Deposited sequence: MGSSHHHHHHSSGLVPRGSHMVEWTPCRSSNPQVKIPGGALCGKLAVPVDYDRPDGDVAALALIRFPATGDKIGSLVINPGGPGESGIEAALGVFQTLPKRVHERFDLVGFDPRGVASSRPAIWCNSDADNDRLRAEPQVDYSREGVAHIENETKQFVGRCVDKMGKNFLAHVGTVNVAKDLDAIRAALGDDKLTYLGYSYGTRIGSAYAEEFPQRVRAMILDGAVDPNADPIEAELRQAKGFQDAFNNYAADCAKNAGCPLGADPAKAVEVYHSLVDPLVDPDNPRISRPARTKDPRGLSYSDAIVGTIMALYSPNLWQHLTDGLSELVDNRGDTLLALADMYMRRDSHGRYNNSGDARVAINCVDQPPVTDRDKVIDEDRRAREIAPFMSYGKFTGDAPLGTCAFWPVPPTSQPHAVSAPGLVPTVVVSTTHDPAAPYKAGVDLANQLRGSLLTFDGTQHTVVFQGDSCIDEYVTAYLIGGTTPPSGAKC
């Protein structure tokens, strides 16, 4: 890696060639993008981070993390972020949808699960899968999975000149983590995994646990908002879900589920039902976004949807000029190869029935008896990994940070990951997704002592 100054720090950027196929090590070649924030004091090595997604830029994430990085950490480590294969500035980047493709989907209510509804959705999905293939070719898509990301990470480890890896993983970055840990356990110096993905989980039970997370986060937000003046969801939190549906269901034509009646916005699109739901989910990632959610809901009372639309844009990575990054398309590609998709329709139908019961705030109308299959059931290349209990006997003790009411990565996922890893579980008491290097003194001290000293939190450490 020949470094070079970036395009906001002492930042150096560079690129690193890895092979697309690792069995064809002289075949097609991908170029990963890297950012580097040189340590200020005495350098132990590099702290490599991943934000998750998948499809999220690590370069982008390092620039944020740099802002909230404890002084001692910044002294002891080069902060290093990378864009994984197919993601953001890495070439080739995964691309399936155009900006117009994305907008067209987001305009739909996406709520009709009748036979005709399921056929419509399942048709847009096929068109999507076809767009991925035509633009990427099946070979590249076959090799975008985490198992190969893990191999690139070691190539990264070596190119940065560290003998052993120091790694901070967030959310899906957690799966990159346990993967690298299983393949190169003897190359791991230290590892923090925050907001855990449990690779031994059943995907349907996981998704349902996630539904339950967001409903429970919904409940927490609403209870909190009810203490406040003019709560758009009302002063009785036991009726918040009903009030919420009185605000969002009018965005769907009651005589016809496929017709958007968007709330007015200064943006030309207005606010569809599906955008409304996506904005809500986005806001429930963090209590920091609750104010915005409340604003959006209050706008809905006056038939306006500007804040919810902006929340949905934040989630979908659509900038002010209507442009998308490739996080969405990459997200799908990578998720589809990391595990075998649910292909049994009865399973998908029964999941739907349960989810409406578990997360009503998210569900529109009644169970129909039909449900679409997910994009992955149509993937033209097979998975390159599969659910299993993480096993890395030789691994150094690691830290898993799990938040008690994390909607995206539920607390018990993090416990389970810790156990398979036989590392330390650091608990955060909150309703948010991830927490490391995000302002909390306690968490950050624990993480700093582990990263520098090698010191794990005591059993039962809460924060």
Missing CA stretches, deposited numbering from 1, N-terminus first: 1 to 21, 29 to 36
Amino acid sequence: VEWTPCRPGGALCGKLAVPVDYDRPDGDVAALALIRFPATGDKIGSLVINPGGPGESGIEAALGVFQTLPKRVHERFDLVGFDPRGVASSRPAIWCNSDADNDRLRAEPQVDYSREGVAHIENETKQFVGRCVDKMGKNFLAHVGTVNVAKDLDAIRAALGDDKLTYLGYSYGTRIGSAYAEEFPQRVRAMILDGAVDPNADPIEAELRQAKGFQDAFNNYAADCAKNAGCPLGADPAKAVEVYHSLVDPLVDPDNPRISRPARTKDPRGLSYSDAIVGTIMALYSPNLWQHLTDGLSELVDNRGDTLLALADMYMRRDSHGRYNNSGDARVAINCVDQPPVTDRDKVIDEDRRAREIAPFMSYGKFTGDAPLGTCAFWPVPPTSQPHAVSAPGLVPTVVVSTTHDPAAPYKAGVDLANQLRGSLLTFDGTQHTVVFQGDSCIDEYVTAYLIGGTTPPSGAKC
From here on, numbers count along this sequence of modelled residues.
Which of 246 to 254 and 132 to 140 has higher mean CA B factor, as the PDB entry lists it: 132 to 140
Return whichever of 26 to 34 and 408 to 416 has the greater mean Cα B factor according to the PDB record. 26 to 34
Per the deposited entry, the peak Cα B-factor within the set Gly305, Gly279, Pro185, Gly328 goes to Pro185
Per the PDB entry, maximal CA B factor within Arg115, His292, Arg269, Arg76: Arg76
Split the chain's modelled residues into thirds by Cα B-factor; is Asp319 in the lowest, middle or highest one? middle
When the deposited Cα B-factors of this chain's modelled residues are ordered and cut into thirds, is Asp42 in the lowest, the middle or the highest one? highest
Taking the chain's C-alpha temperature factors as the reference, tell me which third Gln438 falls into: lowest, middle or highest. middle
Taking the C-alpha B-factors as the PDB entry records them, is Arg353 in the lowest, middle or highest third of its chain? middle
Classify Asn97 as lowest, middle or highest third according to the C-alpha B-factor given in the PDB entry, relative to its own chain. middle
